[PDB]
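Chemist: Once you've had a glance at the structure underneath, I'll fire off some questions.
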Amino acid sequence: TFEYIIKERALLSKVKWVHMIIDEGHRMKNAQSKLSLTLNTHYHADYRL
Amino acid sequence: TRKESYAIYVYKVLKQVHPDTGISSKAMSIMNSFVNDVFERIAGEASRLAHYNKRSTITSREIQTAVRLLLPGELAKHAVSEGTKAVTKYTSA
Amino acid sequence: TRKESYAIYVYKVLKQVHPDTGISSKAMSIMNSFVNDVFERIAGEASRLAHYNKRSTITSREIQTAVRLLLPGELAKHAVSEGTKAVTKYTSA
Amino acid sequence: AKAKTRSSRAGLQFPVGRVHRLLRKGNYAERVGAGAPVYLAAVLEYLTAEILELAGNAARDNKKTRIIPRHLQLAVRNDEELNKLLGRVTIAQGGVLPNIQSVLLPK
Amino acid sequence: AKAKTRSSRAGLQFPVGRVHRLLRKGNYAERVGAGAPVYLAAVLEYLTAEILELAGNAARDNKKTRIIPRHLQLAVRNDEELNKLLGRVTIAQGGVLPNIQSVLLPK
Amino acid sequence: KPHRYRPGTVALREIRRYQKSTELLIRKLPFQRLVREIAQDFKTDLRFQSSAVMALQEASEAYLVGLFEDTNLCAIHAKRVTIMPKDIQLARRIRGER
Amino acid sequence: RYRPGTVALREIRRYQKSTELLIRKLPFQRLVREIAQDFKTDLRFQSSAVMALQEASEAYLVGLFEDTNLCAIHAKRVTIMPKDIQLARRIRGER
Amino acid sequence: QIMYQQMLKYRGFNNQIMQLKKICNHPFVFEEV
Amino acid sequence: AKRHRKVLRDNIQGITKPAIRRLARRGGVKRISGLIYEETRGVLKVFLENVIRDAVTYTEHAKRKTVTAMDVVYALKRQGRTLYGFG
Amino acid sequence: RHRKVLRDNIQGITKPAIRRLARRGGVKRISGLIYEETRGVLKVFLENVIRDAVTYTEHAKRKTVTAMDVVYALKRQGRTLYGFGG
DNA sequence: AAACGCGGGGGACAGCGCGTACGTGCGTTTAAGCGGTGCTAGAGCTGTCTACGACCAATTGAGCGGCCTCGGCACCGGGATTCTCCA
DNA sequence: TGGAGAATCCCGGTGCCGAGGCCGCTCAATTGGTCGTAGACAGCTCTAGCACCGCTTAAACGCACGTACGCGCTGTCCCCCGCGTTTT
């Protein structure tokens, strides 16, 4: 979920991801918010959607 | 040497206010010690405010703020009146 | 918009004094406040002396008098000497 | 030209033109709006009225028709906002007000 | 001519003509005797050294190379003459020196 | 071996660590709401510097801490470790507040 | 004769019924020459600077004795002790 | 509807959008009302 | 309750009794009386108000609506609580 | 050729003067621990003014003492007193 | 006055009692605060602008220093009053 | 609850120096013209304070309770002052 990749950035972002699926991009709307830049701490997503 | 003495004007206020009672020159010296002391307290405060507004002007609004911040209760508010009112008398005369 | 502050000057005296210790900008701001703070303290004391004796040329003699008065103990006598020291470097230069 | 003071113009006794001369000669600001001297000397007249009342009051309470500094002590310090306002301002030969400590006095 | 700052003439970091400019600005006197700004910038750099000394002292005493206001509290308030002179100056994010009352300590 | 203490014991490390640390001891939304409430009570509708909020808080909690020392000075002076409000008001008295 | 203790309070009346100082004056002027001559000598001693400080001294001391008994009666004593005075001056910020 | 004109005649902050959305649903969202 | 909320306390009392306990431990209290948590709060707000009224007085003489930490400097210095790190 | 220098008239300020002023300050049983506990503390008051006030004198280029610089120092210490001009 | 004593009895002080309080622990939430929005407000930046007392010339009576009292209040004599300490 | 006495307050006679006004004589305080300039005040912009809720969750709060200390009560001894002293 949204805030549980925020608080859990130290574990599930250390393991690698290839295909990520993020749902409901209307909360993804602001780049000033906390959520978007943490997916670069998620560090990899070769396929995205 | 005309040294601006404050016996006569404070004594004019005494003959206005408690005219039955005179004033000892020890007490009159307390008043004469009071005068420019108080005249410079709020004046230094007000020039500080004049640089808080960063102004080379000072109006009666600045003395009004010197009354507004500092004086306890109606001693402010009457001087909010009085300080303006004789200003209102001086803007009338 | 180059606006004269004391951040690189407190940095100058820092790396003159504690180059082994960098600064937080909070401590830098505390000192930048403090600079103008005592810069106003001693110089308002000096203008107070310049009205005590009704003088219009405040020299380093008068800042010496203010350093004599305000500062407790060595803080006087050091700023007596140090406040003279670069004075003797500038009266030379 | 015509020497005529501002105290009658504002209804005061204190020389508001001396206030304006001291105001320009006080360097509080460059432009010295002459209403600021009047806002000064007005509060001067008003508080001199405030204090001479109390001073002659304490005098006549001490059966005196001359204000002595003891009457200034009884004038100022009995007022709560004057003593709150003049917590560190003193009247010479005002003396002390009669007050014994409570458990010091017998009960 | 150019800004060739007057602190280099005095061996200082604080430009003594900015100080002379400030003394001409601060309404302290009509003539600002040109050693009064050097007295000022000299006492200034003396105290800058005074406090940057104890500041780096307390900062590296806390094993940090960054001087913080907590270090400023623990260096300044430990001093007799400084905290005696600055009994009413508060340091934000300075906090307290670590110390307990003696009888509140358990036995 | 359990460690239930008697009324009195646990406090002192906090008395260490608070004074070992350098922070405030207050819920800030009840504090910033206090700032907006009190400042509204003089004149409503301010835009509100939170810098002003902490600039008040630092002088606040320091003065708060400062009063409790003289409170316990009056308390232990009156031979007490349980502080009383009369210690506080006498402390404010000799401090000149009361 | 009498007991220890009784005739204090009318003094606390009378002194505070009155306006004066309660101190020897040739020791006062000699103490002024004493203390002002210690910093710089050769002062020609106006009595204005002599008497100008006694109100600043004695009244504040009188105020201190009230705080003294405030700490003494808060600690429940009237035989006042300097523990009360220095705890007061602590909370006064003198001590 | 008096609250539409009277509370707008008051004209704290951010209330002018908030108060009219409220009173058309309930007056009881306001505690004093 | 669930029909209407009504769950507010205060802002002076929004400071919690464990927060008063926290400050009392930083201030040197061993056993706090229960009356301390409110006699503390009263004098806390007493201290609070006098600054900000004159800070708003600054704000009006400086013709503003944003009461600043600059005004906290302007006041606390003059109200004897001079603070470093805010000006 | 006579050097007039005085020292410690604070005992010429008597202990009966303390039995006066302690009553003026509201003390009943002035213990023996008090009377000289007073006489030091006020002396802390005593030099600190004149330490600054003599400091006024020499920049003023003088060899006398006025109460003007007493007022300068007292107001400089926040010990404002009237009866003396101002 | 100071100054030196000096009964003298109760005030400090010790100290013991007692009982409760106030933390303490821990169960119970809970509002704290964080993000996270959405926006907009007055702050902020400029944009000219003129008026404003500056400043200085003239003047002039203000007001206060030096010059005239005489009287509010202190000083004292005598007595009435009124608080206190031993019956 | 009461008188003896010591302190206080009050009231009558004296007189005086200080409070207050008198008499010039300015000098400062004013009026009279600037004087650009200071802040007067128009526009602009943009930001920065703005609430707000999603939500957590640990802080606050809910309460059992345990005893500590703060006072309940005492005797004392002490201790400091009061009465008497004189000198300084």
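Following the order of the structure tokens, first chain is A, next is B, and so on, with residues numbered from 1 inside each chain and ligands from 1 in the order they appear.
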Give me the residues near residue 56 (chain C) as a list in words, where near means some atom within 7 Å (using only C-alpha atoms (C1' of nucleotides)) and where sequence neighbours in that chain fewer than 4 positions away do not count.
Modeler: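 Counting only the stated atoms, we get residues 50 of chain C; 29, 30 and 31 of chain E.
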Chemist: Using only N, CA, C and O atoms, please write the residues we just selected to a file, as a PDB file, in the first residue's frame.
Modeler:
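Saved file out.pdb follows:
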ATOM      1  N   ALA C  50      28.102  59.638  25.546  1.00  0.00           N
ATOM      2  CA  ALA C  50      28.216  60.826  24.709  1.00  0.00           C
ATOM      3  C   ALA C  50      27.137  61.842  25.032  1.00  0.00           C
ATOM      4  O   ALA C  50      27.212  62.985  24.574  1.00  0.00           O
TER       5      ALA C  50
ATOM      6  N   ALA E  29      27.141  59.289  17.646  1.00  0.00           N
ATOM      7  CA  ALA E  29      27.700  60.625  17.737  1.00  0.00           C
ATOM      8  C   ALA E  29      27.706  61.268  16.360  1.00  0.00           C
ATOM      9  O   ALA E  29      27.496  60.611  15.337  1.00  0.00           O
ATOM     10  N   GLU E  30      27.967  62.573  16.347  1.00  0.00           N
ATOM     11  CA  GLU E  30      28.058  63.337  15.112  1.00  0.00           C
ATOM     12  C   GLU E  30      29.329  62.948  14.375  1.00  0.00           C
ATOM     13  O   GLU E  30      29.271  62.448  13.249  1.00  0.00           O
ATOM     14  N   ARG E  31      30.476  63.164  15.005  1.00  0.00           N
ATOM     15  CA  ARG E  31      31.716  62.620  14.497  1.00  0.00           C
ATOM     16  C   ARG E  31      31.873  61.233  15.090  1.00  0.00           C
ATOM     17  O   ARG E  31      31.700  61.038  16.292  1.00  0.00           O
TER      18      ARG E  31
END
Chemist: Quick one: superpose chain B onto chain C using all C-alpha atoms paired in order, least squares, and give it to me as an mmCIF file with C-alpha atoms, in the first residue's frame.
Modeler:
data_model
loop_
_atom_site.group_PDB
_atom_site.id
_atom_site.type_symbol
_atom_site.label_atom_id
_atom_site.label_comp_id
_atom_site.auth_asym_id
_atom_site.auth_seq_id
_atom_site.Cartn_x
_atom_site.Cartn_y
_atom_site.Cartn_z
ATOM 1 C CA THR B 1 20.573 42.640 -2.611
ATOM 2 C CA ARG B 2 23.896 42.601 -0.759
ATOM 3 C CA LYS B 3 22.662 41.973 2.770
ATOM 4 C CA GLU B 4 25.602 42.243 5.156
ATOM 5 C CA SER B 5 25.748 38.644 6.348
ATOM 6 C CA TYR B 6 27.913 37.517 9.226
ATOM 7 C CA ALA B 7 28.423 33.876 8.277
ATOM 8 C CA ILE B 8 31.726 34.385 6.486
ATOM 9 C CA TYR B 9 33.528 36.704 8.921
ATOM 10 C CA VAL B 10 32.561 34.752 12.036
ATOM 11 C CA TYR B 11 33.542 31.702 10.035
ATOM 12 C CA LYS B 12 36.896 33.344 9.301
ATOM 13 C CA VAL B 13 37.263 33.685 13.062
ATOM 14 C CA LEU B 14 36.263 30.006 13.350
ATOM 15 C CA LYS B 15 38.898 28.955 10.827
ATOM 16 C CA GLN B 16 41.285 31.093 12.867
ATOM 17 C CA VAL B 17 40.235 29.738 16.253
ATOM 18 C CA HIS B 18 38.476 26.380 16.199
ATOM 19 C CA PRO B 19 39.101 25.415 12.560
ATOM 20 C CA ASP B 20 38.694 21.675 13.102
ATOM 21 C CA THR B 21 35.096 22.323 14.120
ATOM 22 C CA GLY B 22 32.520 23.588 11.678
ATOM 23 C CA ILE B 23 29.354 25.403 12.683
ATOM 24 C CA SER B 24 25.699 24.510 12.169
ATOM 25 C CA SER B 25 23.588 27.157 10.491
ATOM 26 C CA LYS B 26 21.377 27.096 13.541
ATOM 27 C CA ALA B 27 24.523 27.952 15.501
ATOM 28 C CA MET B 28 25.636 30.245 12.665
ATOM 29 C CA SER B 29 22.248 31.910 12.953
ATOM 30 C CA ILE B 30 22.939 32.319 16.677
ATOM 31 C CA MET B 31 26.121 34.144 15.695
ATOM 32 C CA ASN B 32 24.325 36.163 13.023
ATOM 33 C CA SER B 33 21.735 37.025 15.679
ATOM 34 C CA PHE B 34 24.537 37.968 18.019
ATOM 35 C CA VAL B 35 26.341 40.387 15.703
ATOM 36 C CA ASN B 36 24.377 43.620 15.307
ATOM 37 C CA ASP B 37 22.625 42.996 18.607
ATOM 38 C CA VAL B 38 25.961 43.363 20.376
ATOM 39 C CA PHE B 39 26.973 46.065 17.907
ATOM 40 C CA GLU B 40 24.087 48.194 19.168
ATOM 41 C CA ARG B 41 24.109 47.335 22.916
ATOM 42 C CA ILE B 42 27.340 49.152 23.682
ATOM 43 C CA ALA B 43 26.494 51.637 20.917
ATOM 44 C CA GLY B 44 23.379 52.881 22.691
ATOM 45 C CA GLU B 45 25.333 52.850 25.949
ATOM 46 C CA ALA B 46 28.077 54.845 24.233
ATOM 47 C CA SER B 47 25.788 57.465 22.720
ATOM 48 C CA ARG B 48 24.375 57.870 26.219
ATOM 49 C CA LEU B 49 27.968 58.438 27.327
ATOM 50 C CA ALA B 50 28.418 60.824 24.384
ATOM 51 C CA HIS B 51 25.707 62.910 25.926
ATOM 52 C CA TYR B 52 27.192 62.306 29.367
ATOM 53 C CA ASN B 53 30.204 64.088 27.928
ATOM 54 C CA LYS B 54 27.626 66.110 25.923
ATOM 55 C CA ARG B 55 29.755 65.427 22.849
ATOM 56 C CA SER B 56 29.087 65.235 19.135
ATOM 57 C CA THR B 57 32.370 63.359 18.871
ATOM 58 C CA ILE B 58 32.909 59.739 19.790
ATOM 59 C CA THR B 59 36.434 58.387 19.912
ATOM 60 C CA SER B 60 37.746 54.962 20.839
ATOM 61 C CA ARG B 61 38.075 56.334 24.386
ATOM 62 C CA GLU B 62 34.305 56.266 24.484
ATOM 63 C CA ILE B 63 34.243 52.622 23.431
ATOM 64 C CA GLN B 64 37.015 52.162 25.952
ATOM 65 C CA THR B 65 34.695 53.466 28.650
ATOM 66 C CA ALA B 66 31.964 51.234 27.267
ATOM 67 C CA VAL B 67 34.440 48.411 27.859
ATOM 68 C CA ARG B 68 35.595 49.921 31.174
ATOM 69 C CA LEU B 69 32.274 50.224 32.971
ATOM 70 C CA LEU B 70 30.594 47.107 31.758
ATOM 71 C CA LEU B 71 32.542 44.029 31.013
ATOM 72 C CA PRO B 72 33.308 41.433 33.726
ATOM 73 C CA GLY B 73 36.953 41.311 34.723
ATOM 74 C CA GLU B 74 39.555 40.554 32.084
ATOM 75 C CA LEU B 75 36.825 40.392 29.445
ATOM 76 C CA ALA B 76 37.027 44.123 29.996
ATOM 77 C CA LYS B 77 40.784 44.203 30.399
ATOM 78 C CA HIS B 78 41.670 42.118 27.365
ATOM 79 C CA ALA B 79 39.169 44.234 25.459
ATOM 80 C CA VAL B 80 40.897 47.162 27.156
ATOM 81 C CA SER B 81 43.943 45.715 25.439
ATOM 82 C CA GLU B 82 42.281 44.318 22.298
ATOM 83 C CA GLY B 83 39.872 47.170 21.678
ATOM 84 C CA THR B 84 42.830 49.494 21.932
ATOM 85 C CA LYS B 85 45.377 47.061 20.441
ATOM 86 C CA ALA B 86 43.778 46.646 17.054
ATOM 87 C CA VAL B 87 43.146 50.379 17.380
ATOM 88 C CA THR B 88 46.886 50.377 18.015
ATOM 89 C CA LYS B 89 47.079 48.170 14.944
ATOM 90 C CA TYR B 90 44.780 50.531 13.053
ATOM 91 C CA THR B 91 46.677 53.552 14.285
ATOM 92 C CA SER B 92 49.635 51.614 12.877
ATOM 93 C CA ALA B 93 47.653 50.746 9.725
#
Chemist: Would you give me, as a Markdown table, each residue of chain I having an atom within 9 Å of an atom of chain L, along with its shortest atom pair and that distance in Å to one decimal, using only C-alpha atoms (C1' of nucleotides) and sorting by chain and residue number?
Modeler:
| residue | atom | partner | partner_atom | distance |
| --- | --- | --- | --- | --- |
| I:16 | CA | L:60 | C1' | 7.4 |
| I:17 | CA | L:60 | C1' | 8.4 |
| I:18 | CA | L:60 | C1' | 7.3 |
| I:66 | CA | L:49 | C1' | 8.7 |
Chemist: Hey, could you make a per-residue contact list for chain L against chain A with 12 Å as the cut-off, showing the nearest pair of atoms and its distance in Å to one decimal, counting only C-alpha atoms (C1' of nucleotides), sorted by chain and number, as a tab-separated table?
Modeler:
residue	atom	partner	partner_atom	distance
L:54	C1'	A:3	CA	9.3
L:55	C1'	A:3	CA	9.1
L:56	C1'	A:3	CA	10.4
Chemist: Write out the residues from the selection above, keeping N, CA and C atoms (P, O5', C5', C4', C3', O3' and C1' of nucleotides), as an mmCIF file, in the first residue's frame.
Modeler:
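Listed below is the output, out-v7.cif:
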data_model
loop_
_atom_site.group_PDB
_atom_site.id
_atom_site.type_symbol
_atom_site.label_atom_id
_atom_site.label_comp_id
_atom_site.auth_asym_id
_atom_site.auth_seq_id
_atom_site.Cartn_x
_atom_site.Cartn_y
_atom_site.Cartn_z
ATOM 1 P P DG L 54 -9.703 11.000 5.357
ATOM 2 O "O5'" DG L 54 -8.760 10.245 4.291
ATOM 3 C "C5'" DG L 54 -7.365 10.531 4.211
ATOM 4 C "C4'" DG L 54 -6.530 9.252 4.274
ATOM 5 C "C3'" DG L 54 -7.096 8.124 5.103
ATOM 6 O "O3'" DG L 54 -6.330 6.959 4.838
ATOM 7 C "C1'" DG L 54 -5.455 9.267 6.330
ATOM 8 P P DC L 55 -6.558 5.597 5.657
ATOM 9 O "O5'" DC L 55 -5.565 5.707 6.904
ATOM 10 C "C5'" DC L 55 -4.168 5.826 6.699
ATOM 11 C "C4'" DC L 55 -3.440 5.978 8.022
ATOM 12 C "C3'" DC L 55 -4.032 5.191 9.197
ATOM 13 O "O3'" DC L 55 -2.993 4.716 9.971
ATOM 14 C "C1'" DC L 55 -3.776 7.383 9.808
ATOM 15 P P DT L 56 -3.001 3.205 10.490
ATOM 16 O "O5'" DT L 56 -1.462 2.931 10.747
ATOM 17 C "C5'" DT L 56 -0.543 3.928 10.392
ATOM 18 C "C4'" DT L 56 0.092 4.527 11.606
ATOM 19 C "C3'" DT L 56 -0.012 3.670 12.848
ATOM 20 O "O3'" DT L 56 1.163 3.745 13.482
ATOM 21 C "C1'" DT L 56 -0.885 5.801 13.278
#
Chemist: Which residues of chain K sit at most 12 Å from chain J, using only C-alpha atoms (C1' of nucleotides)? Give each one's shortest atom pair and distance in Å (one decimal place), in chain and ascending residue order, as a Markdown table.
Modeler:
| residue | atom | partner | partner_atom | distance |
| --- | --- | --- | --- | --- |
| K:1 | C1' | J:16 | CA | 9.4 |
| K:2 | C1' | J:16 | CA | 8.1 |
| K:3 | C1' | J:16 | CA | 9.2 |
| K:11 | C1' | J:29 | CA | 9.6 |
| K:12 | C1' | J:31 | CA | 11.4 |
Chemist: May I have the residues of chain D within 7 Å of chain L, counting only C-alpha atoms (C1' of nucleotides), written as a PyMOL selection string?
Modeler: chain D and resi 1-5+17-18
Chemist: With all C-alpha atoms paired in order, what RMSD does the least-squares fit of chain E onto chain D leave?
Modeler: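 Answer to one decimal place: 0.9 Å.
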Chemist: Using only C-alpha atoms, tabulate the residues of chain F lying at most 10 Å from any atom of chain H, each with its closest atom pair and that distance in Å to one decimal, by chain and increasing residue number, as a tab-separated table.
Modeler:
residue	atom	partner	partner_atom	distance
F:40	CA	H:12	CA	8.4
F:44	CA	H:12	CA	6.4
F:45	CA	H:12	CA	5.3
F:46	CA	H:13	CA	8.1
F:47	CA	H:13	CA	8.7
Chemist: Take the selection from the previous step and output its residues with N, CA and C atoms, as a PDB file, in the first residue's frame.
Modeler:
ATOM      1  N   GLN F  40      -5.436  34.707  18.814  1.00  0.00           N
ATOM      2  CA  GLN F  40      -6.745  35.092  18.312  1.00  0.00           C
ATOM      3  C   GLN F  40      -7.517  35.884  19.360  1.00  0.00           C
ATOM      4  N   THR F  44      -8.257  38.441  16.430  1.00  0.00           N
ATOM      5  CA  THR F  44      -8.438  37.248  15.619  1.00  0.00           C
ATOM      6  C   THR F  44      -7.849  37.439  14.224  1.00  0.00           C
ATOM      7  N   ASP F  45      -7.803  36.336  13.466  1.00  0.00           N
ATOM      8  CA  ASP F  45      -7.340  36.278  12.077  1.00  0.00           C
ATOM      9  C   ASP F  45      -5.903  36.755  11.892  1.00  0.00           C
ATOM     10  N   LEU F  46      -4.955  35.979  12.390  1.00  0.00           N
ATOM     11  CA  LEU F  46      -3.560  36.163  12.041  1.00  0.00           C
ATOM     12  C   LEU F  46      -3.131  35.064  11.081  1.00  0.00           C
ATOM     13  N   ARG F  47      -2.343  35.427  10.075  1.00  0.00           N
ATOM     14  CA  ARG F  47      -1.470  34.418   9.511  1.00  0.00           C
ATOM     15  C   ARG F  47      -0.380  34.151  10.546  1.00  0.00           C
TER      16      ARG F  47
END
Chemist: Any chance you could list, as an mmCIF file with N, CA and C atoms, in the first residue's frame, the residues in chain G that come up strand (DSSP E) when DSSP is run on the backbone?
Modeler:
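out26.cif written:
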data_model
loop_
_atom_site.group_PDB
_atom_site.id
_atom_site.type_symbol
_atom_site.label_atom_id
_atom_site.label_comp_id
_atom_site.auth_asym_id
_atom_site.auth_seq_id
_atom_site.Cartn_x
_atom_site.Cartn_y
_atom_site.Cartn_z
ATOM 1 N N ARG G 44 37.015 64.906 45.762
ATOM 2 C CA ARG G 44 36.432 65.875 46.658
ATOM 3 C C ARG G 44 34.966 65.508 46.845
ATOM 4 N N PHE G 45 34.628 65.116 48.067
ATOM 5 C CA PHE G 45 33.431 64.327 48.359
ATOM 6 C C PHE G 45 32.237 65.234 48.605
ATOM 7 N N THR G 79 12.638 32.550 64.319
ATOM 8 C CA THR G 79 14.075 32.692 64.500
ATOM 9 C C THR G 79 14.677 32.515 63.123
ATOM 10 N N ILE G 80 14.871 33.631 62.432
ATOM 11 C CA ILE G 80 15.235 33.563 61.034
ATOM 12 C C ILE G 80 16.698 33.174 60.910
#
Chemist: Go ahead and compute the interatomic distance for CA of residue 21 (chain F) and CA of residue 51 (chain I), in Å to one decimal.
Modeler: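 If I compute the distance from CA of residue 21 (chain F) to CA of residue 51 (chain I), I get 26.6 Å.
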Chemist: Excluding region 20-23 of chain I and any residue of its chain fewer than 5 positions from it, enumerate the residues within 8 Å of it, using only C-alpha atoms (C1' of nucleotides), and give them as a ChimeraX atom specification.
Modeler: /F:14,25,61,64-65 /I:15,32,37,40
Chemist: Got a sec: who's within 10 Å of residue 1 (chain H), counting only C-alpha atoms (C1' of nucleotides), leaving out chain neighbours fewer than 3 positions off, as JSON, numbers by chain?
Modeler: {"H": [4, 5, 6, 7, 20, 23, 24]}
